[PDB]
């Protein structure tokens, strides 16, 4: 089984903060390559483009202010883009455009920057517990085993992160051990505690 290579392709690209992202272009021979252009559109910014004309041996960058976002090496050898260390500002669209004799081909990446939340769990008052997921990105989801009578804060910071707190009470004395269940893309997490 092998279907034809589609012209436009789009993908969600979740990436952790402070890591080295690398976006690949589709596989292409130099013979088939005329131009190759990374268009990088971050939220509320001018469009940065990085072109490489093979015939004329020209590399041309336009409106590219962030110097972490670069070629992996050189577009005459390697058409991969990298992000030096990922930051929350790098949320945006990244598109490899490839001019060939056959046509034009696009592989796009909807890049999402993940931030691992600081997760805690503590006994608060008489038969209550509080589970925090502090300054993660995106918002984490919190649930309890067993279920109680809980309430949830969402706190949306300007740097893009979100704190999700969940206070929860158990009046019923059928409960002693309580388990917080924090659900996040960076990684799911669980925390048991005796409710002394």
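Numbering follows the first chain given and starts at 1.
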Q. Looking at the deposited entry, does 181-189 or 168-176 carry the larger mean Cα B-factor?
A. 168-176
Q: State which stretch shows the higher mean Cα B factor in the entry: 155-163 or 123-131.
A: 123-131
Q: Pull the Cα B-factor of residue 70 out of the PDB entry and bin it into the chain's lowest, middle or highest third.
A: middle
(Q) Please place residue 46 in the lowest, middle or highest third of its chain according to the CA B-factor in the PDB entry. (A) highest
Q) Would the CA B-factor of residue 39 place it in the lowest, middle or highest third of its chain? A) lowest
(Q) Splitting the chain's C-alpha B-factors into thirds, which one does residue 100 fall into? (A) middle
Q | Position of residue 30 among the chain's modelled residues by C-alpha B-factor, lowest, middle or highest third | A | lowest
